[PDB]
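Novice:
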Amino acid sequence: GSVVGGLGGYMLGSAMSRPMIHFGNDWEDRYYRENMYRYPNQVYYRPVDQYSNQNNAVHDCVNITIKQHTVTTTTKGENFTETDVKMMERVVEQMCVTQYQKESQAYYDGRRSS
Numbered sequence: 119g120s121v122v123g124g125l126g127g128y129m130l131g132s133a134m135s136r137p138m139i140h141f142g143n144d145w146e147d148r149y150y151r152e153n154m155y156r157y158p159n160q161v162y163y164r165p166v167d168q169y170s171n172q173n174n175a176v177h178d179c180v181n182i183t184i185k186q187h188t189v190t191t192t193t194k195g196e197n198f199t200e201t202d203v204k205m206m207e208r209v210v211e212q213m214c215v216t217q218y219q220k221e222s223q224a225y226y227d228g229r230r231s232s
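Heads up, the final residue of the sequence shown is numbered 232 in the entry's author numbering, and it's a clean run with no missing numbers.
#1: Between which residues of its own chain and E207 is the CB-CB distance below 8 Å, once the five residues before and five after are set aside?
#2: For a test of the three-state rule: what should DSSP assign to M129, helix, strand or coil?
#3: Can the beta-carbon of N153 be found less than 8 Å from the beta-carbon of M205?
#4: In or out: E211 buried (at least 16 other Cβ within 10 Å) or exposed?
#5: Cα-Cα, which of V209, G123 and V215 is closest to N159?
#6: Identify which residue in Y157, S170, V121 and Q223 has its Cα closest to the Cα of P137.
#7: Would you list the one or two residues that DSSP bridges to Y162?
#8: In whole angstroms, what is the alpha-carbon distance linking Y218 and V122?
#9: Flag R208 as yes when its Cβ comes closer than 7 Å to any non-hydrogen atom of the ligand ADP, and as no otherwise.
#10: For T201, report the span of its alpha helix (DSSP H) as first-last.
#11: What residue from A133, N174 and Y169 has the CA that sits closest to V161's CA?
#12: In three-state terms, what does DSSP make of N173?
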């Protein structure tokens, strides 16, 4: 039950989102627009079909995405620091929410309702 040390129950997102996010100044809003490429566009998550709402599974997914990234990276002597992580959470929240909001929408649209 392990894909990368233990994430063997997790699934891997649609690879389709990287929103612009706005910290309230172009100080770190810009830093991100020059630092967004490195971040995973993908997010690691679990089937919301099983959950009362995706938000619980999103907020898990955020932590796990960062982890599934950094874990494979610090295996290479790398390390990540809070101000890097804060530049993923802004997006990885959006991306995991949006992946969920297509996996749990664009798969059923009310189970064959549209």
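The beta-carbon is built from N, C-alpha and C at its ideal position, and this holds for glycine as well.
Specialist: In terms of the structure at hand:
#1: The residue given as residue 207 occupies position 89 in the sequence shown. Excluding residues within five positions, the ones whose Cβ falls inside 8 Å are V180 and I184.
#2: Taking the first residue of the sequence shown as 1, we reach residue 129 at position 11. Here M129 sits in strand by DSSP.
#3: Working through the sequence shown from its first residue, we reach residue 153 at position 35. Working through the sequence shown from its first residue, we reach residue 205 at position 87. Yes; because the gap between Cβ atoms is below 8 Å, this pair is in contact.
#4: Here residue 211 refers to the residue found at position 93 of the sequence shown. It counts as buried.
#5: Counting from 1 along the sequence shown, the entry for residue 159 is found at position 41. The option with the nearest alpha carbon to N159 is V209.
#6: By 1-based counting over the sequence shown, the position of residue 137 is 19. That would be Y157, whose Cα lies nearest to the Cα of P137.
#7: To locate residue 162, count along the sequence shown from 1; it is residue 44. In DSSP, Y162 forms a bridge with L130.
#8: Start at 1 with the first residue of the sequence shown, and residue 218 comes out as number 100. Start at 1 with the first residue of the sequence shown, and residue 122 comes out as number 4. Going from the Cα of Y218 to the Cα of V122 covers about 22 Å.
#9: The model depicted lacks the ligand ADP and carries no ligand whatsoever.
#10: For this step, residue 201 is matched to residue 83 along the sequence shown. From DSSP, the alpha helix (DSSP H) with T201 extends over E200 to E221.
#11: For the purposes of this step, residue 161 is taken as the residue at position 43 of the sequence shown. Taking only the C-alpha atoms, the option nearest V161 is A133.
#12: For the purposes of this step, residue 173 is taken as residue 55 along the sequence shown, with counting starting at 1. It is helical.
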